Amino acid sequence: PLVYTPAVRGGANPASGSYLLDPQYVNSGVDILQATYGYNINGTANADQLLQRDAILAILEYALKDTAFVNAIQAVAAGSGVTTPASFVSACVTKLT
Amino acid sequence: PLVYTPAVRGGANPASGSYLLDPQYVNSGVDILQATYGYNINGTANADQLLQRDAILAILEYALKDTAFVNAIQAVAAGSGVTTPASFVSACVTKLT
Amino acid sequence: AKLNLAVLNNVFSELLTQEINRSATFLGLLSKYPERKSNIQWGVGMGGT
Amino acid sequence: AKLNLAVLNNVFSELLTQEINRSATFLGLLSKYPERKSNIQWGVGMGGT
């Protein structure tokens, strides 16, 4: 089971719900994201969408910054038939299951 | 091979480099993302990083919005060895190889 | 390497668009009255003679 | 639904701090001269008598 905290240090669960991400340098070199993350704006998170929010913030903080995950997602895009990237994500969901 | 273009419609490649991501609704319900993506800041090209940036935007414009990808990355986080998520991002790389 | 690619800021503008429809027409012409009682009682007269 | 959640603007403050070392210490005291000529010729007196 995953145990997780928001990665920015003094701003874990904000009052307004606008969880400002700290910027990471993504391509191992040369870029930057500076994202945010708004909390519940179209309802609430009903005890299962906390687990999806538990994994979106992990794939956005500790995964795009890594150099072996961006190289693992590079090699899927250079595969066979992975064109028009609504099929790139459907060729990645078959590897994760 | 993959032929991704920047999915933000009017303004794929900007002059400044602050490629402003379009806001997207990530849990298929309730949250919002609102990223940016600053271009070259510690180098220019490397002729490999243009293919890795071709996949960072694909996993961020399309994949987090998708409802079948997020239920797959939810299932990896519930594993028997997934805590302190440097092991979460390493137990998904071996899924992608 | 741009010298203000990370200091430029994102500012909105005063252009809030009212999108939702919350109208009240039939409430707007019923000739309201302040009844401070428990229940309204009046008389209805039928026939019989 | 939060009211002004996704419409918040962020503003960077007026606090640029330069955090490198650029300094011409030795160049700042060499008593600079201009010279519009091709090369610098002078005489060096050795011995010999």
# chains A, B, ... in the order shown; residues from 1 in each chain; ligands from 1
$ select_by_dssp --residues "chain A" --states "alpha helix (DSSP H)" --output "PyMOL selection string"
chain A and resi 49-61+70-77+88-92
$ residues_around --residues "region 59-72 of chain B" --least-positions-apart "3" --cutoff "9 Å" --atoms "only C-alpha atoms" --output "list in words"
residues 52, 55, 56, 60, 73, 85, 86, 88, 89, 90, 92, 93, 94, 96 and 97 of chain A; 6, 7, 8, 21, 22, 24, 25, 26, 27, 28, 55, 56, 75 and 76 of chain B
$ write_last_selection --atoms "N, CA, C and O atoms" --output "short mmCIF file (atom, residue, chain, number, x, y, z; two decimals), in the first residue's frame"
data_model
loop_
_atom_site.label_atom_id
_atom_site.label_comp_id
_atom_site.auth_asym_id
_atom_site.auth_seq_id
_atom_site.Cartn_x
_atom_site.Cartn_y
_atom_site.Cartn_z
N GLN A 52 -6.77 7.93 -6.47
CA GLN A 52 -6.30 8.41 -7.76
C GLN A 52 -5.52 9.70 -7.62
O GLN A 52 -4.49 9.89 -8.27
N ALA A 55 -2.00 9.02 -6.57
CA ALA A 55 -1.08 8.54 -7.58
C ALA A 55 -0.80 9.55 -8.69
O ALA A 55 0.23 9.43 -9.35
N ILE A 56 -1.69 10.50 -8.92
CA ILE A 56 -1.42 11.56 -9.89
C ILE A 56 -0.34 12.49 -9.37
O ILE A 56 0.58 12.86 -10.10
N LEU A 60 3.54 13.06 -10.94
CA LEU A 60 3.81 14.42 -11.37
C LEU A 60 4.97 15.05 -10.63
O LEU A 60 5.59 15.98 -11.15
N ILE A 73 9.55 5.89 -20.70
CA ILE A 73 8.42 6.37 -21.49
C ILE A 73 8.88 6.82 -22.88
O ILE A 73 8.04 6.93 -23.79
N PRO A 85 -1.10 10.41 -30.55
CA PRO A 85 -1.00 9.98 -29.14
C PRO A 85 -2.26 10.07 -28.29
O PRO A 85 -2.25 10.66 -27.21
N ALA A 86 -3.35 9.50 -28.80
CA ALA A 86 -4.37 8.88 -27.98
C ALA A 86 -4.22 7.37 -27.98
O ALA A 86 -4.93 6.68 -27.25
N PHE A 88 -0.78 6.24 -27.95
CA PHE A 88 0.41 6.13 -27.12
C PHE A 88 0.05 5.83 -25.67
O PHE A 88 0.70 5.02 -25.01
N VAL A 89 -1.00 6.48 -25.17
CA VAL A 89 -1.43 6.21 -23.80
C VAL A 89 -2.16 4.87 -23.72
O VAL A 89 -2.12 4.21 -22.67
N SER A 90 -2.77 4.40 -24.81
CA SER A 90 -3.41 3.09 -24.77
C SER A 90 -2.42 1.97 -25.00
O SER A 90 -2.73 0.81 -24.68
N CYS A 92 0.50 2.28 -23.50
CA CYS A 92 1.17 2.32 -22.21
C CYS A 92 0.34 1.70 -21.11
O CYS A 92 0.89 1.18 -20.14
N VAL A 93 -0.99 1.71 -21.26
CA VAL A 93 -1.85 1.10 -20.26
C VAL A 93 -1.82 -0.42 -20.35
O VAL A 93 -2.12 -1.11 -19.36
N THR A 94 -1.43 -0.98 -21.49
CA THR A 94 -1.28 -2.42 -21.61
C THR A 94 0.00 -2.92 -20.95
O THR A 94 0.06 -4.09 -20.57
N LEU A 96 1.26 -1.47 -18.12
CA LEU A 96 1.08 -1.31 -16.69
C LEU A 96 0.13 -2.33 -16.08
O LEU A 96 -0.01 -2.36 -14.86
N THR A 97 -0.51 -3.17 -16.89
CA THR A 97 -1.43 -4.17 -16.36
C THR A 97 -1.01 -5.59 -16.74
O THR A 97 -0.11 -5.78 -17.56
N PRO B 6 2.18 19.58 -30.34
CA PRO B 6 1.65 20.13 -29.08
C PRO B 6 0.15 20.37 -29.16
O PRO B 6 -0.33 21.09 -30.04
N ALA B 7 -0.58 19.76 -28.23
CA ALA B 7 -2.03 19.69 -28.32
C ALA B 7 -2.70 21.02 -28.01
O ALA B 7 -3.89 21.17 -28.32
N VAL B 8 -2.00 21.96 -27.39
CA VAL B 8 -2.53 23.31 -27.22
C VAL B 8 -2.64 23.95 -28.59
O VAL B 8 -1.65 24.04 -29.33
N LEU B 21 0.40 25.21 -20.77
CA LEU B 21 -0.49 24.06 -20.86
C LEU B 21 -1.94 24.50 -20.68
O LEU B 21 -2.24 25.46 -19.97
N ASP B 22 -2.83 23.79 -21.34
CA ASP B 22 -4.24 24.05 -21.13
C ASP B 22 -4.73 23.34 -19.87
O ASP B 22 -4.24 22.26 -19.54
N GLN B 24 -6.70 21.05 -17.35
CA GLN B 24 -7.29 19.75 -17.60
C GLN B 24 -7.75 19.12 -16.29
O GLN B 24 -7.21 19.41 -15.22
N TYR B 25 -8.76 18.26 -16.40
CA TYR B 25 -9.53 17.78 -15.27
C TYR B 25 -9.18 16.32 -15.04
O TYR B 25 -9.55 15.46 -15.84
N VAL B 26 -8.48 16.04 -13.95
CA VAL B 26 -7.49 14.98 -13.92
C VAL B 26 -8.04 13.68 -13.34
O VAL B 26 -7.71 12.60 -13.83
N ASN B 27 -8.89 13.74 -12.31
CA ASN B 27 -9.47 12.54 -11.72
C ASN B 27 -10.65 11.99 -12.51
O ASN B 27 -11.39 11.15 -11.96
N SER B 28 -10.89 12.51 -13.73
CA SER B 28 -12.06 12.39 -14.61
C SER B 28 -13.27 13.14 -14.04
O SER B 28 -14.30 13.28 -14.71
N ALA B 55 7.73 13.06 -25.41
CA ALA B 55 6.97 12.12 -24.59
C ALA B 55 6.55 12.67 -23.24
O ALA B 55 5.60 12.15 -22.66
N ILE B 56 7.25 13.69 -22.73
CA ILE B 56 6.82 14.35 -21.50
C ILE B 56 5.51 15.09 -21.73
O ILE B 56 4.59 15.03 -20.90
N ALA B 75 -3.48 1.06 -9.74
CA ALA B 75 -3.31 -0.34 -9.38
C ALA B 75 -1.86 -0.67 -9.06
O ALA B 75 -1.60 -1.61 -8.29
N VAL B 76 -0.91 0.06 -9.62
CA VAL B 76 0.50 -0.19 -9.33
C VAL B 76 0.84 0.29 -7.92
O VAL B 76 1.60 -0.36 -7.20
#
$ closest_residue --among "D:38, D:4, D:31, D:18" --to "chain A" --atoms "only C-alpha atoms"
D:4
$ calpha_fit_and_write --fixed "chain A" --moving "chain B" --output "compact mmCIF listing (two decimals) with N, CA, C and O atoms, in the first residue's frame"
# COMPACT_ATOMS: atom_id res chain seq x y z
N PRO B 1 0.31 -1.25 -0.54
CA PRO B 1 -0.10 0.01 0.08
C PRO B 1 0.93 1.11 -0.12
O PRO B 1 2.12 0.80 -0.20
N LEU B 2 0.49 2.36 -0.19
CA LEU B 2 1.37 3.49 -0.45
C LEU B 2 0.99 4.65 0.45
O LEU B 2 -0.20 4.91 0.68
N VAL B 3 2.00 5.34 0.98
CA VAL B 3 1.83 6.28 2.08
C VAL B 3 2.29 7.68 1.68
O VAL B 3 2.87 8.40 2.51
N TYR B 4 2.05 8.05 0.43
CA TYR B 4 2.48 9.33 -0.12
C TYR B 4 1.91 10.52 0.64
O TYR B 4 0.70 10.60 0.88
N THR B 5 2.78 11.45 0.99
CA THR B 5 2.53 12.79 1.46
C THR B 5 2.89 13.78 0.36
O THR B 5 3.71 13.46 -0.51
N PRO B 6 2.26 14.95 0.30
CA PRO B 6 2.63 15.95 -0.72
C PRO B 6 4.04 16.46 -0.53
O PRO B 6 4.40 16.96 0.54
N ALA B 7 4.85 16.32 -1.58
CA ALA B 7 6.29 16.53 -1.47
C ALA B 7 6.66 18.00 -1.34
O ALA B 7 7.80 18.29 -0.97
N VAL B 8 5.76 18.91 -1.67
CA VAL B 8 5.99 20.33 -1.42
C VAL B 8 6.01 20.54 0.08
O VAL B 8 5.05 20.20 0.78
N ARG B 9 7.12 21.10 0.59
CA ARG B 9 7.48 20.92 1.99
C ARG B 9 6.59 21.71 2.94
O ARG B 9 5.82 21.12 3.71
N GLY B 10 6.67 23.03 2.89
CA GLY B 10 5.90 23.86 3.80
C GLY B 10 4.50 24.20 3.34
O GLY B 10 4.29 25.33 2.92
N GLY B 11 3.52 23.32 3.47
CA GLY B 11 2.31 23.58 2.72
C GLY B 11 1.72 22.44 1.91
O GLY B 11 1.29 22.65 0.77
N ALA B 12 1.77 21.23 2.48
CA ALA B 12 1.22 20.03 1.85
C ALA B 12 -0.27 20.19 1.51
O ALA B 12 -0.66 20.04 0.35
N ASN B 13 -1.11 20.46 2.50
CA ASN B 13 -2.54 20.59 2.22
C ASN B 13 -3.00 22.01 2.50
O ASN B 13 -3.06 22.41 3.68
N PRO B 14 -3.34 22.80 1.49
CA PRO B 14 -3.65 24.22 1.72
C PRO B 14 -5.09 24.47 2.09
O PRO B 14 -5.94 23.58 1.99
N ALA B 15 -5.39 25.70 2.51
CA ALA B 15 -6.77 26.07 2.83
C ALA B 15 -7.57 26.34 1.57
O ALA B 15 -8.73 25.93 1.47
N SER B 16 -6.98 27.07 0.63
CA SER B 16 -7.67 27.39 -0.62
C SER B 16 -7.90 26.14 -1.46
O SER B 16 -9.01 25.90 -1.94
N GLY B 17 -6.87 25.33 -1.62
CA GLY B 17 -6.90 24.24 -2.55
C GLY B 17 -5.97 24.41 -3.72
O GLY B 17 -5.78 23.45 -4.48
N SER B 18 -5.37 25.58 -3.89
CA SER B 18 -4.39 25.79 -4.95
C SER B 18 -3.04 25.30 -4.44
O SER B 18 -2.17 26.07 -4.03
N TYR B 19 -2.89 23.98 -4.43
CA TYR B 19 -1.63 23.34 -4.06
C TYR B 19 -0.62 23.61 -5.14
O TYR B 19 -0.60 22.95 -6.18
N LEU B 20 0.23 24.60 -4.92
CA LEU B 20 1.18 25.04 -5.93
C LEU B 20 2.37 24.09 -5.97
O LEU B 20 3.12 23.98 -5.00
N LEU B 21 2.52 23.41 -7.10
CA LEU B 21 3.63 22.50 -7.33
C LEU B 21 4.96 23.26 -7.32
O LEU B 21 5.03 24.43 -7.70
N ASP B 22 5.99 22.59 -6.88
CA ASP B 22 7.32 23.18 -6.96
C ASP B 22 7.90 23.00 -8.35
O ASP B 22 7.63 21.99 -9.01
N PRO B 23 8.66 23.98 -8.85
CA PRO B 23 9.21 23.86 -10.21
C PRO B 23 10.26 22.78 -10.29
O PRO B 23 11.08 22.61 -9.40
N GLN B 24 10.22 22.02 -11.38
CA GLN B 24 11.07 20.86 -11.51
C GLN B 24 11.60 20.76 -12.93
O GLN B 24 10.98 21.23 -13.88
N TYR B 25 12.77 20.13 -13.06
CA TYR B 25 13.59 20.18 -14.26
C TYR B 25 13.54 18.81 -14.92
O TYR B 25 14.10 17.84 -14.40
N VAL B 26 12.88 18.73 -16.07
CA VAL B 26 12.13 17.54 -16.43
C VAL B 26 12.91 16.62 -17.36
O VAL B 26 12.83 15.40 -17.23
N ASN B 27 13.69 17.16 -18.30
CA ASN B 27 14.49 16.33 -19.20
C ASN B 27 15.79 15.83 -18.58
O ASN B 27 16.66 15.37 -19.33
N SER B 28 15.95 16.00 -17.25
CA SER B 28 17.15 15.87 -16.41
C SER B 28 18.16 16.98 -16.69
O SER B 28 19.16 17.13 -15.98
N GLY B 29 17.90 17.75 -17.74
CA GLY B 29 18.64 18.91 -18.17
C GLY B 29 17.78 20.15 -18.15
O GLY B 29 17.65 20.85 -17.15
N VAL B 30 17.16 20.38 -19.30
CA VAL B 30 17.04 21.70 -19.88
C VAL B 30 15.69 22.40 -19.67
O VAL B 30 15.63 23.64 -19.75
N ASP B 31 14.62 21.68 -19.35
CA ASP B 31 13.31 22.32 -19.27
C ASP B 31 12.88 22.53 -17.82
O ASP B 31 13.59 22.16 -16.88
N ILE B 32 11.71 23.15 -17.65
CA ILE B 32 11.14 23.45 -16.34
C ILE B 32 9.62 23.29 -16.48
O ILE B 32 9.07 23.36 -17.58
N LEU B 33 8.94 23.01 -15.36
CA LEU B 33 7.55 22.58 -15.44
C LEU B 33 6.57 23.58 -14.83
O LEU B 33 5.69 24.04 -15.55
N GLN B 34 6.68 23.92 -13.54
CA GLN B 34 5.89 24.96 -12.87
C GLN B 34 4.37 24.72 -12.94
O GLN B 34 3.65 25.44 -13.61
N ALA B 35 3.90 23.69 -12.25
CA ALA B 35 2.47 23.44 -12.26
C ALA B 35 1.80 24.04 -11.03
O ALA B 35 2.45 24.61 -10.16
N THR B 36 0.47 23.96 -11.01
CA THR B 36 -0.35 24.08 -9.81
C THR B 36 -1.23 22.85 -9.73
O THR B 36 -1.14 21.96 -10.58
N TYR B 37 -2.09 22.79 -8.72
CA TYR B 37 -3.04 21.68 -8.61
C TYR B 37 -4.21 22.17 -7.77
O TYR B 37 -4.15 22.09 -6.54
N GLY B 38 -5.27 22.63 -8.42
CA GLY B 38 -6.45 23.05 -7.68
C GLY B 38 -7.22 21.85 -7.17
O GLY B 38 -7.46 20.89 -7.91
N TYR B 39 -7.62 21.90 -5.90
CA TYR B 39 -8.43 20.85 -5.30
C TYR B 39 -9.90 20.99 -5.68
O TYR B 39 -10.22 21.67 -6.66
N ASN B 40 -10.77 20.34 -4.90
CA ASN B 40 -12.11 19.89 -5.28
C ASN B 40 -12.97 20.95 -5.96
O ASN B 40 -13.29 21.98 -5.37
N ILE B 41 -13.35 20.68 -7.20
CA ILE B 41 -14.09 21.65 -8.00
C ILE B 41 -15.37 21.09 -8.62
O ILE B 41 -16.26 21.86 -9.02
N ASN B 42 -15.56 19.77 -8.71
CA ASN B 42 -16.81 19.17 -9.18
C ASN B 42 -17.21 18.00 -8.29
O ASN B 42 -17.50 16.90 -8.76
N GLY B 43 -17.25 18.23 -6.99
CA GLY B 43 -17.55 17.20 -6.02
C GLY B 43 -16.65 17.38 -4.83
O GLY B 43 -16.01 18.42 -4.68
N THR B 44 -16.62 16.40 -3.93
CA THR B 44 -15.60 16.42 -2.88
C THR B 44 -14.68 15.21 -2.91
O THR B 44 -13.50 15.36 -3.24
N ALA B 45 -15.17 14.01 -2.61
CA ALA B 45 -14.21 12.98 -2.21
C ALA B 45 -14.27 11.68 -3.01
O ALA B 45 -13.25 11.25 -3.57
N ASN B 46 -15.43 11.03 -2.98
CA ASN B 46 -15.78 9.74 -3.58
C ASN B 46 -15.04 8.55 -2.95
O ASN B 46 -15.31 7.41 -3.36
N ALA B 47 -14.10 8.77 -2.03
CA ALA B 47 -13.38 7.73 -1.26
C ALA B 47 -12.57 6.76 -2.14
O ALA B 47 -12.07 5.73 -1.68
N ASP B 48 -12.42 7.11 -3.41
CA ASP B 48 -11.63 6.37 -4.38
C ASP B 48 -10.71 7.37 -5.03
O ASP B 48 -9.56 7.08 -5.36
N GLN B 49 -11.23 8.58 -5.20
CA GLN B 49 -10.51 9.65 -5.87
C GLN B 49 -9.42 10.20 -4.96
O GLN B 49 -8.49 10.84 -5.44
N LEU B 50 -9.52 9.95 -3.66
CA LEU B 50 -8.42 10.22 -2.75
C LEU B 50 -7.25 9.27 -2.94
O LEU B 50 -6.13 9.60 -2.53
N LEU B 51 -7.48 8.11 -3.54
CA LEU B 51 -6.39 7.21 -3.90
C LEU B 51 -5.88 7.47 -5.30
O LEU B 51 -4.71 7.19 -5.59
N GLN B 52 -6.73 7.99 -6.19
CA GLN B 52 -6.27 8.34 -7.52
C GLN B 52 -5.53 9.68 -7.51
O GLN B 52 -4.57 9.85 -8.25
N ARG B 53 -5.95 10.61 -6.65
CA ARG B 53 -5.17 11.83 -6.43
C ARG B 53 -3.90 11.54 -5.65
O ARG B 53 -2.94 12.32 -5.72
N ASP B 54 -3.85 10.41 -4.95
CA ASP B 54 -2.63 9.97 -4.28
C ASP B 54 -1.60 9.44 -5.26
O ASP B 54 -0.44 9.26 -4.87
N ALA B 55 -1.98 9.19 -6.52
CA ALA B 55 -1.08 8.71 -7.55
C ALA B 55 -0.82 9.72 -8.66
O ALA B 55 0.20 9.61 -9.34
N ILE B 56 -1.73 10.68 -8.87
CA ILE B 56 -1.49 11.75 -9.83
C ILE B 56 -0.35 12.64 -9.36
O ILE B 56 0.53 13.02 -10.14
N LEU B 57 -0.33 12.97 -8.07
CA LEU B 57 0.76 13.77 -7.54
C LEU B 57 2.06 12.99 -7.47
O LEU B 57 3.14 13.58 -7.55
N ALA B 58 1.99 11.67 -7.34
CA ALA B 58 3.21 10.87 -7.32
C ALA B 58 3.85 10.78 -8.70
O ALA B 58 5.08 10.77 -8.81
N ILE B 59 3.04 10.72 -9.76
CA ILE B 59 3.56 10.64 -11.12
C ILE B 59 3.98 12.00 -11.64
O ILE B 59 4.55 12.10 -12.73
N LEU B 60 3.76 13.06 -10.87
CA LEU B 60 4.03 14.42 -11.28
C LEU B 60 5.05 15.14 -10.42
O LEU B 60 5.82 15.95 -10.93
N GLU B 61 5.10 14.85 -9.11
CA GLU B 61 6.17 15.38 -8.27
C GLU B 61 7.48 14.65 -8.53
O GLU B 61 8.55 15.28 -8.54
N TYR B 62 7.44 13.33 -8.71
CA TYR B 62 8.64 12.52 -8.71
C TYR B 62 8.99 11.89 -10.04
O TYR B 62 10.17 11.75 -10.35
N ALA B 63 8.00 11.49 -10.84
CA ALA B 63 8.30 10.63 -11.98
C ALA B 63 8.88 11.40 -13.15
O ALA B 63 9.80 10.92 -13.81
N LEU B 64 8.34 12.59 -13.43
CA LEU B 64 8.84 13.35 -14.57
C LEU B 64 10.21 13.94 -14.29
O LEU B 64 10.97 14.20 -15.23
N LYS B 65 10.54 14.15 -13.02
CA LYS B 65 11.88 14.58 -12.65
C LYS B 65 12.89 13.45 -12.84
O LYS B 65 14.06 13.71 -13.12
N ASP B 66 12.44 12.20 -12.71
CA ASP B 66 13.32 11.04 -12.77
C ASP B 66 13.87 10.84 -14.17
O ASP B 66 13.20 11.11 -15.16
N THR B 67 15.12 10.37 -14.24
CA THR B 67 15.79 10.16 -15.52
C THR B 67 15.69 8.74 -16.04
O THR B 67 15.98 8.50 -17.21
N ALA B 68 15.29 7.78 -15.20
CA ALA B 68 15.10 6.41 -15.66
C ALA B 68 13.67 6.15 -16.08
O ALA B 68 13.43 5.26 -16.90
N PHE B 69 12.72 6.89 -15.52
CA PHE B 69 11.33 6.76 -15.95
C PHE B 69 11.13 7.38 -17.33
O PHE B 69 10.40 6.82 -18.16
N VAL B 70 11.77 8.52 -17.59
CA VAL B 70 11.56 9.21 -18.85
C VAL B 70 12.24 8.47 -20.01
O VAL B 70 11.75 8.50 -21.14
N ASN B 71 13.33 7.74 -19.74
CA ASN B 71 13.89 6.89 -20.78
C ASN B 71 13.07 5.63 -21.01
O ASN B 71 13.28 4.95 -22.02
N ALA B 72 12.15 5.30 -20.10
CA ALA B 72 11.24 4.20 -20.35
C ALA B 72 10.04 4.66 -21.16
O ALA B 72 9.59 3.96 -22.07
N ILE B 73 9.51 5.84 -20.85
CA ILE B 73 8.39 6.36 -21.61
C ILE B 73 8.85 6.91 -22.95
O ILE B 73 8.03 7.11 -23.85
N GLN B 74 10.16 7.14 -23.12
CA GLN B 74 10.71 7.40 -24.45
C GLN B 74 10.69 6.14 -25.30
O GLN B 74 10.45 6.21 -26.51
N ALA B 75 10.94 4.99 -24.69
CA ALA B 75 11.04 3.75 -25.46
C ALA B 75 9.68 3.24 -25.91
O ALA B 75 9.60 2.54 -26.93
N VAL B 76 8.62 3.56 -25.18
CA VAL B 76 7.28 3.12 -25.58
C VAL B 76 6.81 3.92 -26.79
O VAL B 76 6.17 3.37 -27.70
N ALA B 77 7.17 5.20 -26.86
CA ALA B 77 6.75 6.06 -27.96
C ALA B 77 7.42 5.71 -29.28
O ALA B 77 6.96 6.18 -30.32
N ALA B 78 8.48 4.91 -29.27
CA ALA B 78 9.16 4.50 -30.49
C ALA B 78 8.66 3.16 -31.00
O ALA B 78 9.35 2.52 -31.81
N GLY B 79 7.48 2.72 -30.56
CA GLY B 79 6.95 1.44 -30.98
C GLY B 79 6.49 1.44 -32.43
O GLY B 79 6.48 2.45 -33.12
N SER B 80 6.09 0.26 -32.89
CA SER B 80 5.67 0.10 -34.27
C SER B 80 4.20 0.43 -34.49
O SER B 80 3.72 0.31 -35.62
N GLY B 81 3.48 0.83 -33.45
CA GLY B 81 2.07 1.15 -33.60
C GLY B 81 1.66 2.37 -32.81
O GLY B 81 0.50 2.51 -32.42
N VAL B 82 2.61 3.27 -32.56
CA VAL B 82 2.37 4.41 -31.69
C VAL B 82 2.37 5.69 -32.51
O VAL B 82 3.43 6.26 -32.80
N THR B 83 1.19 6.12 -32.95
CA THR B 83 0.97 7.42 -33.58
C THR B 83 -0.32 8.00 -33.04
O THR B 83 -1.17 7.27 -32.52
N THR B 84 -0.47 9.33 -33.20
CA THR B 84 -1.64 10.13 -32.84
C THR B 84 -2.03 9.89 -31.38
O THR B 84 -2.98 9.14 -31.12
N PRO B 85 -1.32 10.49 -30.41
CA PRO B 85 -1.15 9.86 -29.09
C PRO B 85 -2.39 9.73 -28.21
O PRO B 85 -2.38 10.14 -27.05
N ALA B 86 -3.45 9.15 -28.77
CA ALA B 86 -4.40 8.37 -27.99
C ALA B 86 -4.05 6.90 -28.03
O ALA B 86 -4.53 6.13 -27.19
N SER B 87 -3.23 6.50 -29.00
CA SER B 87 -2.67 5.16 -29.04
C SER B 87 -1.38 5.06 -28.25
O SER B 87 -0.99 3.95 -27.88
N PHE B 88 -0.70 6.18 -28.02
CA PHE B 88 0.45 6.19 -27.12
C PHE B 88 0.03 5.94 -25.68
O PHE B 88 0.69 5.18 -24.96
N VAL B 89 -1.06 6.57 -25.24
CA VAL B 89 -1.52 6.39 -23.87
C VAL B 89 -2.27 5.09 -23.69
O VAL B 89 -2.50 4.68 -22.54
N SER B 90 -2.65 4.41 -24.77
CA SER B 90 -3.27 3.10 -24.64
C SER B 90 -2.28 1.97 -24.79
O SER B 90 -2.56 0.85 -24.34
N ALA B 91 -1.13 2.21 -25.41
CA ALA B 91 -0.07 1.23 -25.48
C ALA B 91 0.86 1.28 -24.28
O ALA B 91 1.80 0.50 -24.21
N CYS B 92 0.62 2.20 -23.35
CA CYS B 92 1.32 2.18 -22.07
C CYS B 92 0.46 1.65 -20.94
O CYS B 92 1.01 1.20 -19.93
N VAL B 93 -0.87 1.71 -21.07
CA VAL B 93 -1.75 1.09 -20.09
C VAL B 93 -1.58 -0.43 -20.11
O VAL B 93 -1.44 -1.06 -19.05
N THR B 94 -1.53 -1.03 -21.30
CA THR B 94 -1.33 -2.47 -21.40
C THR B 94 0.07 -2.89 -20.98
O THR B 94 0.27 -4.07 -20.68
N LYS B 95 1.03 -1.97 -20.97
CA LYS B 95 2.29 -2.26 -20.31
C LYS B 95 2.14 -2.30 -18.79
O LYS B 95 2.85 -3.05 -18.12
N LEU B 96 1.21 -1.51 -18.24
CA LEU B 96 1.04 -1.40 -16.80
C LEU B 96 0.05 -2.40 -16.24
O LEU B 96 -0.33 -2.29 -15.07
N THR B 97 -0.39 -3.37 -17.03
CA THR B 97 -1.31 -4.39 -16.55
C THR B 97 -0.73 -5.79 -16.71
O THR B 97 0.45 -5.95 -17.04
$ closest_atom_pairs --of "chain D" --to "chain A" --cutoff "12 Å" --atoms "only C-alpha atoms" --output "JSON lines"
{"residue": "D:1", "atom": "CA", "partner": "A:41", "partner_atom": "CA", "distance": 4.1}
{"residue": "D:2", "atom": "CA", "partner": "A:41", "partner_atom": "CA", "distance": 5.6}
{"residue": "D:3", "atom": "CA", "partner": "A:41", "partner_atom": "CA", "distance": 8.4}
{"residue": "D:4", "atom": "CA", "partner": "A:16", "partner_atom": "CA", "distance": 8.9}
{"residue": "D:5", "atom": "CA", "partner": "A:18", "partner_atom": "CA", "distance": 6.3}
{"residue": "D:6", "atom": "CA", "partner": "A:38", "partner_atom": "CA", "distance": 6.5}
{"residue": "D:7", "atom": "CA", "partner": "A:18", "partner_atom": "CA", "distance": 10.0}
{"residue": "D:8", "atom": "CA", "partner": "A:18", "partner_atom": "CA", "distance": 8.4}
{"residue": "D:9", "atom": "CA", "partner": "A:18", "partner_atom": "CA", "distance": 10.8}
{"residue": "D:10", "atom": "CA", "partner": "A:20", "partner_atom": "CA", "distance": 9.9}
$ closest_residue --among "D:39, D:49, D:23, D:13" --to "chain C" --atoms "only C-alpha atoms"
D:13
$ decode --residues "region 39-50 of chain B" --atoms "N, CA and C atoms" --output "PDB file, in the first residue's frame"
ATOM      1  N   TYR B  39      10.598  26.244 -22.027  1.00  0.00           N
ATOM      2  CA  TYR B  39      11.594  25.610 -22.884  1.00  0.00           C
ATOM      3  C   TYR B  39      13.010  25.938 -22.433  1.00  0.00           C
ATOM      4  N   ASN B  40      13.971  25.735 -23.340  1.00  0.00           N
ATOM      5  CA  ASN B  40      15.389  25.486 -23.071  1.00  0.00           C
ATOM      6  C   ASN B  40      16.029  26.447 -22.078  1.00  0.00           C
ATOM      7  N   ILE B  41      16.498  25.900 -20.957  1.00  0.00           N
ATOM      8  CA  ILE B  41      17.046  26.722 -19.883  1.00  0.00           C
ATOM      9  C   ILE B  41      18.432  26.274 -19.417  1.00  0.00           C
ATOM     10  N   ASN B  42      18.890  25.061 -19.722  1.00  0.00           N
ATOM     11  CA  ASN B  42      20.249  24.616 -19.407  1.00  0.00           C
ATOM     12  C   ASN B  42      20.859  23.877 -20.593  1.00  0.00           C
ATOM     13  N   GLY B  43      20.805  24.482 -21.761  1.00  0.00           N
ATOM     14  CA  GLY B  43      21.282  23.872 -22.981  1.00  0.00           C
ATOM     15  C   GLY B  43      20.331  24.216 -24.095  1.00  0.00           C
ATOM     16  N   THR B  44      20.472  23.556 -25.248  1.00  0.00           N
ATOM     17  CA  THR B  44      19.445  23.680 -26.276  1.00  0.00           C
ATOM     18  C   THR B  44      18.791  22.352 -26.639  1.00  0.00           C
ATOM     19  N   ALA B  45      19.506  21.425 -27.270  1.00  0.00           N
ATOM     20  CA  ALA B  45      18.772  20.385 -27.982  1.00  0.00           C
ATOM     21  C   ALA B  45      19.118  18.953 -27.610  1.00  0.00           C
ATOM     22  N   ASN B  46      20.390  18.591 -27.792  1.00  0.00           N
ATOM     23  CA  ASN B  46      21.021  17.283 -27.594  1.00  0.00           C
ATOM     24  C   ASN B  46      20.523  16.206 -28.567  1.00  0.00           C
ATOM     25  N   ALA B  47      19.527  16.492 -29.418  1.00  0.00           N
ATOM     26  CA  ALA B  47      19.015  15.603 -30.482  1.00  0.00           C
ATOM     27  C   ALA B  47      18.444  14.277 -29.959  1.00  0.00           C
ATOM     28  N   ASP B  48      18.271  14.188 -28.645  1.00  0.00           N
ATOM     29  CA  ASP B  48      17.682  13.046 -27.967  1.00  0.00           C
ATOM     30  C   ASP B  48      16.592  13.600 -27.076  1.00  0.00           C
ATOM     31  N   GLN B  49      16.853  14.784 -26.540  1.00  0.00           N
ATOM     32  CA  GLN B  49      15.953  15.434 -25.606  1.00  0.00           C
ATOM     33  C   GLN B  49      14.747  15.993 -26.345  1.00  0.00           C
ATOM     34  N   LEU B  50      14.859  16.164 -27.663  1.00  0.00           N
ATOM     35  CA  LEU B  50      13.694  16.465 -28.482  1.00  0.00           C
ATOM     36  C   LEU B  50      12.752  15.281 -28.617  1.00  0.00           C
TER      37      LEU B  50
END
